[PDB]
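What follows is a set of notes on a single structure, which appears directly below.
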Amino acid sequence: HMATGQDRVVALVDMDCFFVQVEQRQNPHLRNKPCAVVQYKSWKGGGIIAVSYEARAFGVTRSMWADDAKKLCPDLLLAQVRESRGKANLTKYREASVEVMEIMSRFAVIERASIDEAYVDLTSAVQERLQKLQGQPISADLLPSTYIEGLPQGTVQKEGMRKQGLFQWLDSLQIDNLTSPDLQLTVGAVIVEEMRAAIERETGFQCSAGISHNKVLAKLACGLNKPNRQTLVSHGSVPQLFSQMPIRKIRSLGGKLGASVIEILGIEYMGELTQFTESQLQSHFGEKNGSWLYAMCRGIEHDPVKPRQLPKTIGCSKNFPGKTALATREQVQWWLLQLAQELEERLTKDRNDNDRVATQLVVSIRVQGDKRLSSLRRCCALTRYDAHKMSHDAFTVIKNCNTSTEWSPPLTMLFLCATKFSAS
DNA sequence: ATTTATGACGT
DNA sequence: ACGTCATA
């Protein structure tokens with residue numbers, strides 16, 4: 001009577017260093033070279049936000065200043081994010097992301113998780129594929145970039161090991177040693193190979209993927225073998241996988257709650273959670289978190305793949321660090337106008353493309369000396385896709401935040417978000 | 001001065 | 001409504 005969280009087949013697809021691949025498709029000179037994408041070149045060469053795998057090998061990471069990355073990797077090539085109205089403009093990447101998600105939707109139900117990753121619900125697609133091929137062995141040739149986590153168990157080249165693990169898996173499927181859920185995952189992986197082939201053929205982009213029974217395991221699986229590969233994590237693989245898996249690697253446990261789990265229970269690995277009762281976990285972390293942890297450490301999670309190919313919000317913001325912090329009224333107004341103009345453009349395009357209208361405008365700011373990402377959030381009605389009205393409306397709602405033709409304390413961040421979409 | 005985005009939850 | 005958390 002003990003449920004095993006084996007009801008669904010779920011994938012998570014992550015475009016490998018996505019902004020970089022976009023620039024590399026556009027500029028063949030960047031292909032197969034150590035390359036990074038930077039925004040804002042003046043200050044320390046700019047901030048790196050995406051890094052090719054060739055560059056990662058030199059120790060280049062995101063959130064590194066380009067000048068610093070050049071010390072680690074002198075031959076590093078850089079592509080700059082487009083800058084419009086004095087701020088980074090991510091339109092090219094948003095549009096490329098749409099290219100990929102449109103291809104994914106042909107194969108299965110997708111949840112847009114971010115600009116560069118999507119969850120995929122393959123349960124239905126797997127059931128249908130299982131009827132078309134019935135009692136036919138699944139050839140290793142259908143899974144040319146698939147790793148089976150945990151295998152092989154029992155040749156000094158990675159590709160050799162991959163194939164040996166796959167053979168062991170498939171030989172035990174064909175034997176009848178594995179379970180029907182295992183067959184379901186395997187077929188799911190075949191479909192993902194097919195989806196990933198179609199993405200590469202049609203866009204030129206490569207991606208890694210994880211296939212498992214829920215989103216957390218799929219996300220975890222995806223990161224196990226990168227770039228351009230996919231990993232199947234079976235329910236059976238979970239005890240060994242979790243036995244040495246730091247708690248912070250599991251999605252949603254990378255922050256404060258994860259650190260609390262570690263500190264309060266005196267443990268380090270995900271698997272160690274199984275020794276606590278559900279009541280115990282709830283007593284420390286709350287009813288929801290405790291229940292979630294109890295199921296998750298056993299490889300079980302029920303968060304559905306939401307059928308949502310489009311972002312629920314459309315926002316833009318700009319930080320104004322250090323000396324650049326906004327300190328006059330005219331300056332604060334000029335930047336609201338810049339933000340509002342980008343937002344109007346993206347909103348109008350959204351309306352035309354997606355048949356919806358935003359109804360709420362959220363204004364957020366951060367004041368100098370406040371550690372919290374947001375110092376304050378206020379909303380007002382968004383009635384007109386008009387940059388001047390939007391910027392003026394936003395000024396109105398945050399104007400009282402100023403102590404006193406001058407602005408103090410200085411603003412270190414402005415954020416306009418369009419939310420609350422309705423069909424149009 | 002590691003951005004500029006996102007989605008979710010608690011109250 | 002508003003603040004906080006988590007992710008890349």
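Each chain in the structure tokens gets a letter, A, B, ..., in the order shown, and its residues are numbered from 1; ligands are numbered from 1 in order too.
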Using only C-alpha atoms (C1' of nucleotides), determine which residues lie at most 12 Å from region 245-256 of chain A, disregarding the query and same-chain residues fewer than 4 positions distant; provide the list as an MDAnalysis selection string. (chainID A and resid 214:224 238:241 260:273 285 289 292:293 296:297 299 301 303) or (chainID B and resid 7:8) or (chainID C and resid 4:7)
Neighbour list for residue 351 (chain A) as number ranges by chain, cut-off 10 Å, only C-alpha atoms (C1' of nucleotides), skip fewer than 4 positions in-chain: A: 346-347, 355-358, 385, 421, 423-424
Residue 3 (chain B) surroundings by only C-alpha atoms (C1' of nucleotides), 8 Å radius, close-in-sequence under 4 positions cut, as a list in words: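 Within the cut-off, the hits are residues 39, 47, 49, 318 and 319 of chain A.
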Please dump the current selection as a PDB file, in the first residue's frame; keep N, CA, C and O atoms.
```
ATOM      1  N   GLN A  39      27.420  41.653 -19.639  1.00  0.00           N
ATOM      2  CA  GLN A  39      26.599  42.867 -19.704  1.00  0.00           C
ATOM      3  C   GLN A  39      27.332  44.052 -19.070  1.00  0.00           C
ATOM      4  O   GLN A  39      27.973  43.890 -18.035  1.00  0.00           O
ATOM      5  N   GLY A  47      29.901  42.400 -16.344  1.00  0.00           N
ATOM      6  CA  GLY A  47      29.547  41.216 -15.590  1.00  0.00           C
ATOM      7  C   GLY A  47      29.216  40.033 -16.488  1.00  0.00           C
ATOM      8  O   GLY A  47      28.379  40.128 -17.380  1.00  0.00           O
ATOM      9  N   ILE A  49      27.481  36.632 -17.487  1.00  0.00           N
ATOM     10  CA  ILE A  49      26.229  35.992 -17.073  1.00  0.00           C
ATOM     11  C   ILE A  49      26.025  34.604 -17.678  1.00  0.00           C
ATOM     12  O   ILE A  49      25.126  33.876 -17.281  1.00  0.00           O
ATOM     13  N   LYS A 318      16.596  47.851 -13.108  1.00  0.00           N
ATOM     14  CA  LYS A 318      18.000  48.188 -13.209  1.00  0.00           C
ATOM     15  C   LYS A 318      18.513  48.523 -11.830  1.00  0.00           C
ATOM     16  O   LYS A 318      17.863  49.245 -11.075  1.00  0.00           O
ATOM     17  N   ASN A 319      19.661  47.955 -11.498  1.00  0.00           N
ATOM     18  CA  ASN A 319      20.365  48.288 -10.282  1.00  0.00           C
ATOM     19  C   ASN A 319      21.197  49.536 -10.518  1.00  0.00           C
ATOM     20  O   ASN A 319      21.685  49.778 -11.624  1.00  0.00           O
TER      21      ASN A 319
END
```
Restricting the calculation to only C-alpha atoms: of A:175, A:17, A:133, A:365, which residue gets closest to residue 115 (chain A)?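 Nearest candidate to residue 115 (chain A) out of A:175, A:17, A:133, A:365: A:17.
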Rounded to one decimal, what separation in Å do you get between CA of residue 367 (chain A) and CA of residue 88 (chain A)?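 Atom-to-atom, CA of residue 367 (chain A) and CA of residue 88 (chain A) are spaced 21.0 Å apart.
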What does the distance from CA of residue 142 (chain A) to CA of residue 192 (chain A) come to in Å, to one decimal?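 Distance reported for this atom pair: 10.3 Å.
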Could you pull the residues within 8 Å of region 369-381 of chain A, counting only C-alpha atoms (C1' of nucleotides), minus those fewer than 3 positions along the same chain, as a PyMOL selection string? (chain A and resi 359-366+393-394+397-398) or (chain C and resi 2)
Kindly save the residues from that selection, with N, CA, C and O atoms (P, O5', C5', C4', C3', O3' and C1' of nucleotides) included, as an mmCIF file, in the first residue's frame.
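File out.cif, as written:
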```
data_model
loop_
_atom_site.group_PDB
_atom_site.id
_atom_site.type_symbol
_atom_site.label_atom_id
_atom_site.label_comp_id
_atom_site.auth_asym_id
_atom_site.auth_seq_id
_atom_site.Cartn_x
_atom_site.Cartn_y
_atom_site.Cartn_z
ATOM 1 N N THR A 359 -2.833 43.720 -16.366
ATOM 2 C CA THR A 359 -3.776 44.605 -15.704
ATOM 3 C C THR A 359 -3.170 45.297 -14.489
ATOM 4 O O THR A 359 -3.693 46.305 -14.019
ATOM 5 N N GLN A 360 -2.078 44.752 -13.965
ATOM 6 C CA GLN A 360 -1.459 45.358 -12.787
ATOM 7 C C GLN A 360 -0.004 45.745 -13.011
ATOM 8 O O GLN A 360 0.764 45.024 -13.657
ATOM 9 N N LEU A 361 0.365 46.895 -12.467
ATOM 10 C CA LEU A 361 1.741 47.362 -12.553
ATOM 11 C C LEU A 361 2.358 47.344 -11.164
ATOM 12 O O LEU A 361 1.856 47.980 -10.241
ATOM 13 N N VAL A 362 3.448 46.609 -11.018
ATOM 14 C CA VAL A 362 4.134 46.515 -9.740
ATOM 15 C C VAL A 362 5.422 47.344 -9.782
ATOM 16 O O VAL A 362 6.252 47.159 -10.671
ATOM 17 N N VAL A 363 5.571 48.271 -8.842
ATOM 18 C CA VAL A 363 6.800 49.055 -8.767
ATOM 19 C C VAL A 363 7.574 48.676 -7.520
ATOM 20 O O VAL A 363 7.046 48.662 -6.406
ATOM 21 N N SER A 364 8.831 48.323 -7.718
ATOM 22 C CA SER A 364 9.675 47.971 -6.597
ATOM 23 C C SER A 364 10.939 48.808 -6.666
ATOM 24 O O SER A 364 11.425 49.139 -7.748
ATOM 25 N N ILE A 365 11.451 49.185 -5.504
ATOM 26 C CA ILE A 365 12.702 49.917 -5.443
ATOM 27 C C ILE A 365 13.531 49.383 -4.293
ATOM 28 O O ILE A 365 13.036 48.645 -3.441
ATOM 29 N N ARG A 366 14.809 49.736 -4.296
ATOM 30 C CA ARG A 366 15.701 49.369 -3.213
ATOM 31 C C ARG A 366 16.426 50.639 -2.823
ATOM 32 O O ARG A 366 16.825 51.439 -3.679
ATOM 33 N N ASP A 393 2.763 57.014 -13.192
ATOM 34 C CA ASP A 393 2.023 56.247 -12.204
ATOM 35 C C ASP A 393 2.979 55.648 -11.179
ATOM 36 O O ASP A 393 2.721 55.699 -9.975
ATOM 37 N N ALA A 394 4.093 55.096 -11.660
ATOM 38 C CA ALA A 394 5.082 54.481 -10.778
ATOM 39 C C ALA A 394 5.739 55.508 -9.864
ATOM 40 O O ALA A 394 6.063 55.212 -8.710
ATOM 41 N N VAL A 397 3.361 56.335 -6.867
ATOM 42 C CA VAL A 397 3.251 55.364 -5.789
ATOM 43 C C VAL A 397 4.496 55.274 -4.907
ATOM 44 O O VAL A 397 4.394 54.891 -3.741
ATOM 45 N N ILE A 398 5.662 55.636 -5.439
ATOM 46 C CA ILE A 398 6.878 55.582 -4.633
ATOM 47 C C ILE A 398 7.418 56.945 -4.185
ATOM 48 O O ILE A 398 8.406 57.002 -3.456
ATOM 49 P P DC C 2 0.434 47.649 -0.976
ATOM 50 O "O5'" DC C 2 1.534 46.673 -0.376
ATOM 51 C "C5'" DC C 2 1.702 46.560 1.041
ATOM 52 C "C4'" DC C 2 2.616 45.405 1.368
ATOM 53 C "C3'" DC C 2 4.011 45.471 0.739
ATOM 54 O "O3'" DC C 2 4.943 45.795 1.771
ATOM 55 C "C1'" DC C 2 3.109 43.261 0.783
#
```
Dump as CSV the rows for residues of chain B within 10 Å of chain A: closest atom pair and distance in Å with one decimal, only C-alpha atoms (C1' of nucleotides) counted, ordered by chain and rising residue number.
```
residue,atom,partner,partner_atom,distance
B:1,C1',A:321,CA,5.4
B:2,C1',A:63,CA,4.3
B:3,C1',A:47,CA,7.6
B:4,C1',A:317,CA,6.7
B:5,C1',A:316,CA,7.3
B:6,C1',A:114,CA,6.1
B:7,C1',A:113,CA,7.9
```
Could you pull out the alpha helix (DSSP H) residues of region 53-240 of chain A, going by DSSP on the backbone, and write them as a PDB file with C-alpha atoms, in the first residue's frame?
```
ATOM      1  CA  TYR A  53      31.903  24.806 -21.398  1.00  0.00           C
ATOM      2  CA  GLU A  54      35.323  25.466 -22.973  1.00  0.00           C
ATOM      3  CA  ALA A  55      35.578  28.604 -20.825  1.00  0.00           C
ATOM      4  CA  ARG A  56      34.206  26.910 -17.677  1.00  0.00           C
ATOM      5  CA  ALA A  66      35.025  40.004 -17.347  1.00  0.00           C
ATOM      6  CA  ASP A  67      38.380  41.546 -16.413  1.00  0.00           C
ATOM      7  CA  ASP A  68      38.730  38.798 -13.813  1.00  0.00           C
ATOM      8  CA  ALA A  69      37.634  36.060 -16.194  1.00  0.00           C
ATOM      9  CA  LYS A  70      40.308  37.241 -18.641  1.00  0.00           C
ATOM     10  CA  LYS A  71      42.944  36.526 -15.968  1.00  0.00           C
ATOM     11  CA  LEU A  72      41.743  32.909 -15.738  1.00  0.00           C
ATOM     12  CA  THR A  91      15.096  40.442 -26.215  1.00  0.00           C
ATOM     13  CA  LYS A  92      17.341  38.307 -28.447  1.00  0.00           C
ATOM     14  CA  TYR A  93      17.482  35.552 -25.794  1.00  0.00           C
ATOM     15  CA  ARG A  94      13.764  35.754 -25.027  1.00  0.00           C
ATOM     16  CA  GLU A  95      13.061  35.301 -28.728  1.00  0.00           C
ATOM     17  CA  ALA A  96      15.506  32.410 -29.035  1.00  0.00           C
ATOM     18  CA  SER A  97      13.897  30.799 -25.984  1.00  0.00           C
ATOM     19  CA  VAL A  98      10.524  31.006 -27.717  1.00  0.00           C
ATOM     20  CA  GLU A  99      12.035  29.173 -30.746  1.00  0.00           C
ATOM     21  CA  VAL A 100      12.991  26.260 -28.517  1.00  0.00           C
ATOM     22  CA  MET A 101       9.833  26.047 -26.429  1.00  0.00           C
ATOM     23  CA  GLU A 102       7.713  25.987 -29.604  1.00  0.00           C
ATOM     24  CA  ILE A 103       9.581  22.887 -30.736  1.00  0.00           C
ATOM     25  CA  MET A 104       9.281  21.262 -27.318  1.00  0.00           C
ATOM     26  CA  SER A 105       5.495  21.762 -27.291  1.00  0.00           C
ATOM     27  CA  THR A 123       3.326  10.538 -19.174  1.00  0.00           C
ATOM     28  CA  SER A 124       0.782  10.652 -22.006  1.00  0.00           C
ATOM     29  CA  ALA A 125       3.360  10.707 -24.802  1.00  0.00           C
ATOM     30  CA  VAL A 126       5.011   7.652 -23.247  1.00  0.00           C
ATOM     31  CA  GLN A 127       1.722   5.703 -23.048  1.00  0.00           C
ATOM     32  CA  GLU A 128       1.052   6.261 -26.767  1.00  0.00           C
ATOM     33  CA  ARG A 129       4.577   5.380 -27.877  1.00  0.00           C
ATOM     34  CA  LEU A 130       4.288   2.166 -25.843  1.00  0.00           C
ATOM     35  CA  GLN A 131       1.316   1.086 -27.951  1.00  0.00           C
ATOM     36  CA  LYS A 132       2.965   1.809 -31.303  1.00  0.00           C
ATOM     37  CA  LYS A 158      33.367   7.958 -20.616  1.00  0.00           C
ATOM     38  CA  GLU A 159      31.504   6.889 -23.733  1.00  0.00           C
ATOM     39  CA  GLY A 160      32.404   3.294 -22.946  1.00  0.00           C
ATOM     40  CA  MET A 161      30.973   3.525 -19.438  1.00  0.00           C
ATOM     41  CA  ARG A 162      27.826   5.221 -20.767  1.00  0.00           C
ATOM     42  CA  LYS A 163      27.170   2.364 -23.179  1.00  0.00           C
ATOM     43  CA  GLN A 164      27.922  -0.336 -20.615  1.00  0.00           C
ATOM     44  CA  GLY A 165      25.421   1.203 -18.186  1.00  0.00           C
ATOM     45  CA  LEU A 166      22.842   1.512 -20.922  1.00  0.00           C
ATOM     46  CA  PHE A 167      23.379  -2.115 -21.990  1.00  0.00           C
ATOM     47  CA  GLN A 168      22.946  -3.363 -18.411  1.00  0.00           C
ATOM     48  CA  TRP A 169      19.765  -1.300 -18.069  1.00  0.00           C
ATOM     49  CA  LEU A 170      18.275  -2.454 -21.370  1.00  0.00           C
ATOM     50  CA  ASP A 171      19.348  -6.074 -20.869  1.00  0.00           C
ATOM     51  CA  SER A 172      17.432  -6.108 -17.618  1.00  0.00           C
ATOM     52  CA  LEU A 173      14.430  -4.462 -19.206  1.00  0.00           C
ATOM     53  CA  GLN A 174      14.396  -7.043 -22.008  1.00  0.00           C
ATOM     54  CA  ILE A 175      14.859  -9.792 -19.355  1.00  0.00           C
ATOM     55  CA  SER A 180       6.963  -1.121 -15.701  1.00  0.00           C
ATOM     56  CA  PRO A 181       7.776   2.370 -14.375  1.00  0.00           C
ATOM     57  CA  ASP A 182      11.340   1.639 -15.573  1.00  0.00           C
ATOM     58  CA  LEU A 183      10.039   0.839 -19.041  1.00  0.00           C
ATOM     59  CA  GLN A 184       8.003   4.057 -18.873  1.00  0.00           C
ATOM     60  CA  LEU A 185      11.079   6.159 -18.029  1.00  0.00           C
ATOM     61  CA  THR A 186      13.052   4.443 -20.788  1.00  0.00           C
ATOM     62  CA  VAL A 187      10.466   5.341 -23.404  1.00  0.00           C
ATOM     63  CA  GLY A 188      10.361   8.845 -21.917  1.00  0.00           C
ATOM     64  CA  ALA A 189      14.103   9.040 -22.573  1.00  0.00           C
ATOM     65  CA  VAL A 190      13.629   7.892 -26.160  1.00  0.00           C
ATOM     66  CA  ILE A 191      11.149  10.745 -26.694  1.00  0.00           C
ATOM     67  CA  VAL A 192      13.527  13.243 -25.080  1.00  0.00           C
ATOM     68  CA  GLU A 193      16.352  12.126 -27.386  1.00  0.00           C
ATOM     69  CA  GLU A 194      13.925  12.822 -30.249  1.00  0.00           C
ATOM     70  CA  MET A 195      12.912  16.190 -28.801  1.00  0.00           C
ATOM     71  CA  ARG A 196      16.548  17.190 -28.317  1.00  0.00           C
ATOM     72  CA  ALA A 197      17.402  16.112 -31.871  1.00  0.00           C
ATOM     73  CA  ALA A 198      14.583  18.232 -33.234  1.00  0.00           C
ATOM     74  CA  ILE A 199      15.707  21.275 -31.203  1.00  0.00           C
ATOM     75  CA  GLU A 200      19.262  21.005 -32.451  1.00  0.00           C
ATOM     76  CA  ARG A 201      18.260  20.401 -36.078  1.00  0.00           C
ATOM     77  CA  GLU A 202      15.779  23.261 -36.139  1.00  0.00           C
ATOM     78  CA  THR A 203      17.542  25.873 -34.007  1.00  0.00           C
ATOM     79  CA  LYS A 215      10.362  17.553 -11.296  1.00  0.00           C
ATOM     80  CA  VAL A 216      12.898  17.475  -8.463  1.00  0.00           C
ATOM     81  CA  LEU A 217      14.484  14.230  -9.626  1.00  0.00           C
ATOM     82  CA  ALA A 218      14.353  15.366 -13.269  1.00  0.00           C
ATOM     83  CA  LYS A 219      16.119  18.609 -12.380  1.00  0.00           C
ATOM     84  CA  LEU A 220      18.703  16.699 -10.345  1.00  0.00           C
ATOM     85  CA  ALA A 221      19.133  14.148 -13.145  1.00  0.00           C
ATOM     86  CA  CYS A 222      19.682  16.863 -15.746  1.00  0.00           C
ATOM     87  CA  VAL A 238      17.327   6.963  -5.480  1.00  0.00           C
ATOM     88  CA  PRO A 239      18.692   5.359  -2.280  1.00  0.00           C
ATOM     89  CA  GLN A 240      22.271   5.224  -3.584  1.00  0.00           C
TER      90      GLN A 240
END
```
Secondary structure check, strand (DSSP E or B) residues of region 191-404 of chain A, as a JSON list (two decimals) with N, CA and C atoms, in the first residue's frame:
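Writing the result to states_34.json gives the following:
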```json
[["chain", "number", "residue", "atom", "x", "y", "z"],
["A", 207, "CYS", "N", 21.14, 20.91, -25.71],
["A", 207, "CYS", "CA", 20.67, 20.99, -24.34],
["A", 207, "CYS", "C", 20.90, 19.67, -23.63],
["A", 208, "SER", "N", 20.86, 19.74, -22.31],
["A", 208, "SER", "CA", 20.98, 18.55, -21.48],
["A", 208, "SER", "C", 19.60, 18.31, -20.91],
["A", 209, "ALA", "N", 19.31, 17.08, -20.50],
["A", 209, "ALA", "CA", 18.01, 16.81, -19.92],
["A", 209, "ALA", "C", 18.10, 15.75, -18.85],
["A", 210, "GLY", "N", 17.15, 15.77, -17.93],
["A", 210, "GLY", "CA", 17.03, 14.74, -16.92],
["A", 210, "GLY", "C", 15.67, 14.11, -17.10],
["A", 211, "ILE", "N", 15.59, 12.79, -16.99],
["A", 211, "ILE", "CA", 14.31, 12.10, -17.06],
["A", 211, "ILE", "C", 14.10, 11.30, -15.80],
["A", 212, "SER", "N", 12.96, 11.51, -15.17],
["A", 212, "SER", "CA", 12.61, 10.76, -13.98],
["A", 212, "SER", "C", 11.10, 10.80, -13.73],
["A", 230, "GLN", "N", 21.83, 13.41, -21.67],
["A", 230, "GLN", "CA", 20.66, 13.32, -20.82],
["A", 230, "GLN", "C", 20.78, 12.15, -19.85],
["A", 231, "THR", "N", 20.15, 12.27, -18.70],
["A", 231, "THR", "CA", 20.30, 11.26, -17.65],
["A", 231, "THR", "C", 18.95, 10.77, -17.15],
["A", 232, "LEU", "N", 18.81, 9.46, -17.07],
["A", 232, "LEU", "CA", 17.61, 8.83, -16.55],
["A", 232, "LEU", "C", 17.88, 8.43, -15.10],
["A", 246, "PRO", "N", 24.55, 15.98, -1.15],
["A", 246, "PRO", "CA", 24.33, 17.11, -0.24],
["A", 246, "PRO", "C", 22.92, 17.67, -0.36],
["A", 269, "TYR", "N", 23.40, 14.70, 4.01],
["A", 269, "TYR", "CA", 22.95, 14.11, 2.75],
["A", 269, "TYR", "C", 21.44, 13.88, 2.71],
["A", 308, "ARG", "N", 2.19, 25.64, -19.10],
["A", 308, "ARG", "CA", 2.39, 27.08, -19.21],
["A", 308, "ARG", "C", 3.65, 27.35, -20.03],
["A", 314, "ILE", "N", 5.91, 40.17, -16.87],
["A", 314, "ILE", "CA", 6.84, 40.81, -17.78],
["A", 314, "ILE", "C", 7.40, 42.01, -17.04],
["A", 315, "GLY", "N", 8.69, 41.96, -16.74],
["A", 315, "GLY", "CA", 9.29, 43.01, -15.95],
["A", 315, "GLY", "C", 10.62, 43.48, -16.47],
["A", 316, "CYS", "N", 11.04, 44.64, -15.99],
["A", 316, "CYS", "CA", 12.39, 45.10, -16.22],
["A", 316, "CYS", "C", 12.81, 45.97, -15.06],
["A", 317, "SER", "N", 14.10, 45.97, -14.80],
["A", 317, "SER", "CA", 14.64, 46.60, -13.63],
["A", 317, "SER", "C", 16.05, 46.99, -13.94],
["A", 318, "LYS", "N", 16.60, 47.85, -13.11],
["A", 318, "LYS", "CA", 18.00, 48.19, -13.21],
["A", 318, "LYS", "C", 18.51, 48.52, -11.83],
["A", 319, "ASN", "N", 19.66, 47.96, -11.50],
["A", 319, "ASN", "CA", 20.36, 48.29, -10.28],
["A", 319, "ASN", "C", 21.20, 49.54, -10.52],
["A", 326, "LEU", "N", 20.59, 56.54, -7.55],
["A", 326, "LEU", "CA", 19.81, 57.71, -7.95],
["A", 326, "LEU", "C", 19.50, 58.64, -6.76],
["A", 327, "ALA", "N", 19.82, 59.92, -6.92],
["A", 327, "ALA", "CA", 19.77, 60.84, -5.79],
["A", 327, "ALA", "C", 18.99, 62.12, -6.08],
["A", 328, "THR", "N", 18.56, 62.30, -7.33],
["A", 328, "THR", "CA", 17.70, 63.43, -7.66],
["A", 328, "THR", "C", 16.37, 62.97, -8.25],
["A", 356, "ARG", "N", -3.27, 38.47, -24.70],
["A", 356, "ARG", "CA", -3.52, 38.77, -23.30],
["A", 356, "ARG", "C", -3.09, 40.20, -23.00],
["A", 357, "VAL", "N", -3.67, 40.77, -21.95],
["A", 357, "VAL", "CA", -3.32, 42.11, -21.50],
["A", 357, "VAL", "C", -2.97, 42.10, -20.01],
["A", 358, "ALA", "N", -1.85, 42.73, -19.64],
["A", 358, "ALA", "CA", -1.52, 42.91, -18.23],
["A", 358, "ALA", "C", -2.45, 43.94, -17.62],
["A", 359, "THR", "N", -2.83, 43.72, -16.37],
["A", 359, "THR", "CA", -3.78, 44.61, -15.70],
["A", 359, "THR", "C", -3.17, 45.30, -14.49],
["A", 360, "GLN", "N", -2.08, 44.75, -13.97],
["A", 360, "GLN", "CA", -1.46, 45.36, -12.79],
["A", 360, "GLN", "C", 0.00, 45.75, -13.01],
["A", 361, "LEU", "N", 0.37, 46.90, -12.47],
["A", 361, "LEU", "CA", 1.74, 47.36, -12.55],
["A", 361, "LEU", "C", 2.36, 47.34, -11.16],
["A", 362, "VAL", "N", 3.45, 46.61, -11.02],
["A", 362, "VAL", "CA", 4.13, 46.52, -9.74],
["A", 362, "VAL", "C", 5.42, 47.34, -9.78],
["A", 363, "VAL", "N", 5.57, 48.27, -8.84],
["A", 363, "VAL", "CA", 6.80, 49.05, -8.77],
["A", 363, "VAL", "C", 7.57, 48.68, -7.52],
["A", 364, "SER", "N", 8.83, 48.32, -7.72],
["A", 364, "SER", "CA", 9.67, 47.97, -6.60],
["A", 364, "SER", "C", 10.94, 48.81, -6.67],
["A", 365, "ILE", "N", 11.45, 49.18, -5.50],
["A", 365, "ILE", "CA", 12.70, 49.92, -5.44],
["A", 365, "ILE", "C", 13.53, 49.38, -4.29],
["A", 366, "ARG", "N", 14.81, 49.74, -4.30],
["A", 366, "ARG", "CA", 15.70, 49.37, -3.21],
["A", 366, "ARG", "C", 16.43, 50.64, -2.82],
["A", 367, "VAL", "N", 16.56, 50.85, -1.52],
["A", 367, "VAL", "CA", 17.17, 52.08, -1.04],
["A", 367, "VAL", "C", 18.56, 51.79, -0.48],
["A", 376, "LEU", "N", 10.89, 47.90, -0.91],
["A", 376, "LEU", "CA", 9.49, 48.28, -0.93],
["A", 376, "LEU", "C", 8.80, 47.91, -2.24],
["A", 377, "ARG", "N", 7.54, 47.52, -2.15],
["A", 377, "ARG", "CA", 6.76, 47.13, -3.31],
["A", 377, "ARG", "C", 5.37, 47.77, -3.26],
["A", 378, "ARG", "N", 5.00, 48.44, -4.34],
["A", 378, "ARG", "CA", 3.69, 49.06, -4.45],
["A", 378, "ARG", "C", 3.10, 48.74, -5.81],
["A", 379, "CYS", "N", 1.78, 48.62, -5.87],
["A", 379, "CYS", "CA", 1.14, 48.31, -7.14],
["A", 379, "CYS", "C", 0.16, 49.41, -7.49],
["A", 380, "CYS", "N", -0.20, 49.48, -8.76],
["A", 380, "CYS", "CA", -1.30, 50.34, -9.16],
["A", 380, "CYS", "C", -1.90, 49.73, -10.40],
["A", 381, "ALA", "N", -3.02, 50.28, -10.84],
["A", 381, "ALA", "CA", -3.70, 49.76, -12.02],
["A", 381, "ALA", "C", -2.87, 50.03, -13.27]]
```
For CA of residue 5 (chain A) and CA of residue 141 (chain A), quote the distance in Å rounded to one decimal.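 According to the coordinates, CA of residue 5 (chain A) and CA of residue 141 (chain A) are separated by 28.7 Å.
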Contacts of residue 21 (chain A) at 8 Å (only C-alpha atoms (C1' of nucleotides); same-chain gap of 5+ positions) as a list in words: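 Contacts, in chain order: residues 16, 52 and 205 of chain A.
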